[PDB]
Amino acid sequence: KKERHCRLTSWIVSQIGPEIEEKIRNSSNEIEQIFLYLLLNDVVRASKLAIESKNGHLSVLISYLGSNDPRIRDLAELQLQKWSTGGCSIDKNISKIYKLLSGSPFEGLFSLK
Amino acid sequence: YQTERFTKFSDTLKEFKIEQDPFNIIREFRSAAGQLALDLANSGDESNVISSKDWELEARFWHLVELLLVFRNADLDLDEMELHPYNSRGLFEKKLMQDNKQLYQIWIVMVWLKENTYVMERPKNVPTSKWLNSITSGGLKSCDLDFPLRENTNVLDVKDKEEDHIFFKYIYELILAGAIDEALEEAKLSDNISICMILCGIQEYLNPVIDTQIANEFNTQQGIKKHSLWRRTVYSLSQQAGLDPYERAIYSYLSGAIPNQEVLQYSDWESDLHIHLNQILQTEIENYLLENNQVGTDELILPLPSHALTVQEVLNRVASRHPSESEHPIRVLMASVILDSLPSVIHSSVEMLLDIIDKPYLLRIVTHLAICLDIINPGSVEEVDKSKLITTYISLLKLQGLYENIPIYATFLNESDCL
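The listed protein sequences correspond, in order, to chains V1 and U1. Heads up, the authors' numbering is the position in the first sequence plus 261, with the first residue counted as 1. Sequence positions in the second sequence follow the authors' numbering and run 7 to 26, 34 to 367, 378 to 442.
Encoded structure:
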C-alpha cells in the first residue's frame, strides 16, 4: 500500500508540476509560495523557504506533513476553530497550511474547496 | 540524635551478610543518605544547609552507582536484532542503543542527570489564550508564531513577550528534566499548539506493521520519517534571533546542539554536562544512520557537526568550565564512576592517607563503596586498599564511641583477628 501510494503521488506531482511552478513564478508573497511547494508535495523546500522568509515555527510545523500523526491533526484543527471564532485576523495562507495539517482540507470548516 | 548516621550504613551491611541482590546495599545507602539529606535540611543551623547538600549529593552518587553497575554487571546477554534496509529509522536507533553499550551508558547517565534536575513551579495566572494582548491591541494580521518573524518584532505587545518568556523558560526546564509528557501537556493546555507540535517531532519513525520487532509497544505508526530534515529545521529555527532565548534554547537541545549563551551561562556542572552528553548522543545516532543509508540526501539541508566527543573529553571540558563544582570530592567520584576509573580512584584516595581527612563524608563513602564493589565484583578493589580503608574508618567508629558495630566491618579480612 505504501509503495503504490508513493508512486501514485510522485506521478500526480509529475503532472501538476508545471501548473504549480508557473503559479510560484507569479506569486508576490512568500507564505503563498510555501503553500505551493506543499502543492508539489515538497515538504522540504516549504520548510526551507519558511526558514528563509523567517517563518520558522511554521517551518517546524511543515515537517509533519506526510506523517499522519493524529495528535497534530486534532491540534491543527483546534487552532483553526479558535481562529474561526474571534481570531481577529490570520494570514490567508497560514490558515491554508494549518488546514493541510488538519488532514481534511476540503472535508472541513476552513475549507480549501 | 543525627550522629546515628553510621548505624544506618552499618545496619544495611548487617542485613546483607545475614540473609545467606547485593545491589540492594547501595540502594539502601542511597535512601539512607537521602533520609539524612532531609534531616539536616528541614529545620537547621545555616551551617547545616552545607552538609545537607553534601548528603543530597551523597545520595545522587549512590543512585548513579546503582544504575551503572546494575547495567554493567547484571549484563546477561540477550538476542541480537536483525534489521533490514526496509526497516524504519526508529528500529535502527533501537538497534544502536542495544548493540553499543558504551553509548547506552551515556543514555543511563543522562537519565540520572535528568532525574536530579530542578524545575520551577508551574506558572500561575496563565492567560486564557495566546498573544491575547497583541490581538486585542489590533495589529496581528496573522495569528501564527512566525508572523512577527516575517516582519519586525515590534508587532508583539510587551506583556505577550513577557508571557512567552515565562512559558518557554518553563518548557525548557521541563525538557531538561526529562518531563516531555508534561511539556506536551503544558503546550496543549496553554494554547501553544504549534510549539506542542514542534515537541512531537522528537520521535524517530516506527511502523508496528513494518518494524515487526516492536509490534508489541505500538499499535499504530508514529514518529516522523524525514527526521534529518526536522532536525536541521529545528536547529535553523534555533539560530534565528528575535525569538525568546529559552525558545532558542529548547530548539538547540532538540537539535543536539548547545544552547545560546544567555541561557547556557546559568547551567551548572550537571546541566552543562547533560547538554554535552545530549550532543554526543544526537551526533552518534545520526552518524549510525548515515553509515546504514537510512538518511536521504535531500534532508541534509544544513551542516551539523559530525564529530562526537568522548565522555572523557566532555567531562574534561565541562570540568574546566566549572572547576569549583568539578573539584567537589563526591562529584569526582561521580565522574570516576561514569568513566569506570573507580577502583582507580579508590586506591588513589587511599594514598591520600599516607585533605581527605578534612571532609567527613569522604572516608566513609569510599570505604562502603569499596565494600559494595568487592561484594558485587569479587576482586574489584585491591585487598590491601580494603584493609587500609576499613582500618581507618574503624578507628573513627572508635573515636565516635560506636564499638558496638565494628564486627560487621571486620567480615573482610583475617586481619580481623587483630581486634
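Virtual Cβ for every residue (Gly too), placed ideally from N, Cα, C.
Across which residues does DSSP place residue i in a beta bridge pair?
i                 : result
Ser271 (chain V1) : None, per the DSSP bridge assignment.
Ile237 (chain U1) : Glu217 (chain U1)
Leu326 (chain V1) : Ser328 (chain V1)
Report yes or no: is there a C-beta of chain C within less than 8 Å of the C-beta of residue i?
i                 : result
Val274 (chain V1) : Reference to chain C is not applicable here, since the protein chains of this structure are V1 and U1.
Do you know offhand how far residue i's Cα is from residue j's?
i                      : j                 : result
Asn220 (chain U1)      : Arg102 (chain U1) : 10 Å
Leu286 (chain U1)      : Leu328 (chain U1) : 7 Å
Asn138 (chain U1)      : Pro316 (chain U1) : 41 Å
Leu197 (chain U1)      : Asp52 (chain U1)  : 36 Å
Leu422 (chain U1)      : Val83 (chain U1)  : 35 Å
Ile211 (chain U1)      : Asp58 (chain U1)  : 47 Å
residue 384 (chain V1) : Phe371 (chain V1) : Given that chain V1 is displayed from residue 262 to residue 374, the structure contains no residue 384 (chain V1) and the question cannot be resolved.
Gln26 (chain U1)       : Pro98 (chain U1)  : 51 Å
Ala321 (chain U1)      : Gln278 (chain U1) : 23 Å
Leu373 (chain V1)      : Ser365 (chain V1) : 9 Å
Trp282 (chain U1)      : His341 (chain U1) : 11 Å
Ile277 (chain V1)      : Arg85 (chain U1)  : 57 Å
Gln48 (chain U1)       : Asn165 (chain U1) : 54 Å
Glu275 (chain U1)      : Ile179 (chain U1) : 15 Å
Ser56 (chain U1)       : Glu71 (chain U1)  : 20 Å
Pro318 (chain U1)      : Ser284 (chain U1) : 21 Å
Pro401 (chain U1)      : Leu412 (chain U1) : 17 Å
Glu106 (chain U1)      : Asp194 (chain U1) : 21 Å
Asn100 (chain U1)      : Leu322 (chain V1) : 25 Å
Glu230 (chain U1)      : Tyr218 (chain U1) : 13 Å
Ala254 (chain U1)      : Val331 (chain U1) : 26 Å
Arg261 (chain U1)      : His335 (chain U1) : 23 Å
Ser251 (chain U1)      : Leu310 (chain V1) : 16 Å
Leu420 (chain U1)      : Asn300 (chain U1) : 53 Å
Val389 (chain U1)      : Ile379 (chain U1) : 11 Å
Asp224 (chain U1)      : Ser44 (chain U1)  : 41 Å
Since residue i is in the alpha helix (DSSP H), which residue starts that stretch and which ends it?
i                 : result
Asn146 (chain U1) : 145-150
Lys315 (chain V1) : From DSSP, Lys315 (chain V1) is part of no alpha helix (DSSP H); its letter is neither H nor E.
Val62 (chain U1)  : 61-86
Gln252 (chain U1) : 240-252
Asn55 (chain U1)  : Note, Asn55 (chain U1): premise wrong, no alpha helix (DSSP H); not H, not E.
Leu286 (chain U1) : 282-304
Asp397 (chain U1) : 383-399
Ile358 (chain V1) : 353-363
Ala270 (chain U1) : From DSSP, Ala270 (chain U1) is part of no alpha helix (DSSP H); its letter is neither H nor E.
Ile179 (chain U1) : 171-189
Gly103 (chain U1) : 102-112
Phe15 (chain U1)  : 12-24
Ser333 (chain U1) : 324-334
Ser289 (chain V1) : That residue, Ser289 (chain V1), is in no alpha helix (DSSP H); it is neither H nor E in DSSP.
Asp408 (chain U1) : 406-422
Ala228 (chain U1) : First-last for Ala228 (chain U1): undefined, no H or E at that position.
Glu199 (chain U1) : 193-202
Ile314 (chain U1) : Run containing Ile314 (chain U1): none; DSSP gives neither H nor E here.
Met365 (chain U1) : Looking at the DSSP string, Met365 (chain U1) is not in any alpha helix (DSSP H), and its letter there is neither H nor E.
Would you check if the distance between the CB atom of residue i and the CB atom of residue j is smaller than 8 Å?
i                 : j                 : result
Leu158 (chain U1) : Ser324 (chain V1) : no
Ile119 (chain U1) : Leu294 (chain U1) : yes
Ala46 (chain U1)  : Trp75 (chain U1)  : yes
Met347 (chain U1) : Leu126 (chain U1) : no
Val132 (chain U1) : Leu187 (chain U1) : yes
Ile63 (chain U1)  : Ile398 (chain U1) : no
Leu385 (chain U1) : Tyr416 (chain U1) : no
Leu104 (chain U1) : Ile298 (chain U1) : no
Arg306 (chain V1) : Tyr298 (chain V1) : yes
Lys154 (chain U1) : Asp352 (chain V1) : yes
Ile292 (chain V1) : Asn316 (chain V1) : yes
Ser314 (chain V1) : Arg135 (chain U1) : no
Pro356 (chain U1) : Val407 (chain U1) : no
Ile184 (chain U1) : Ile263 (chain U1) : yes
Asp257 (chain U1) : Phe181 (chain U1) : yes
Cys395 (chain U1) : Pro161 (chain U1) : no
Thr130 (chain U1) : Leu202 (chain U1) : no
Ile431 (chain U1) : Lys23 (chain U1)  : yes
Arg40 (chain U1)  : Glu79 (chain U1)  : yes
* Asked: Quick check: the segment 331-338 of chain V1 against the segment 202-212 of chain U1, are there 3 or more CB pairs under 8 Å?
  -> The answer is yes - the segment 202-212 of chain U1 touches the segment 331-338 of chain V1, with three or more Cβ pairs under 8 Å.
* Determine contact between the segment 286-303 of chain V1 and the segment 262-278 of chain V1, defined as no fewer than three beta-carbon pairs at a distance below 8 Å. => As far as the Cβ criterion goes, the segment 286-303 of chain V1 touches the segment 262-278 of chain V1, which means the pair count is three or higher.
* Spell out a yes or no on whether the segment 267-279 of chain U1 and the segment 290-304 of chain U1 are touching, meaning 3 or more CB-CB pairs, one atom from each, closer than 8 Å. => Below 8 Å, enough C-beta pairs join the segment 267-279 of chain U1 and the segment 290-304 of chain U1 to call them touching: three or more.
* Asked: Does the segment 88-99 of chain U1 come within contact of the segment 346-362 of chain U1, defined as at least 3 CB pairs closer than 8 Å?
  -> In short, these stretches do not touch, since the Cβ pair count stays below three.
* Asked: Are the segment 232-252 of chain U1 and the segment 164-176 of chain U1 touching, with three or more C-beta to C-beta distances below 8 Å?
  -> No: the two stretches stay apart, fewer than three of their Cβ pairs being nearer than 8 Å.
* For the 8 Å Cβ check, are there 3 or more pairs between the segment 13-25 of chain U1 and the segment 425-436 of chain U1? -> Taking 8 Å as the limit for Cβ pairs, the verdict is that the segment 425-436 of chain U1 does touch the segment 13-25 of chain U1.
* At least 3 beta-carbon pairs within less than 8 Å: the segment 357-374 of chain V1 vs the segment 233-240 of chain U1 -> Output reads no: the segment 233-240 of chain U1 does not touch the segment 357-374 of chain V1.
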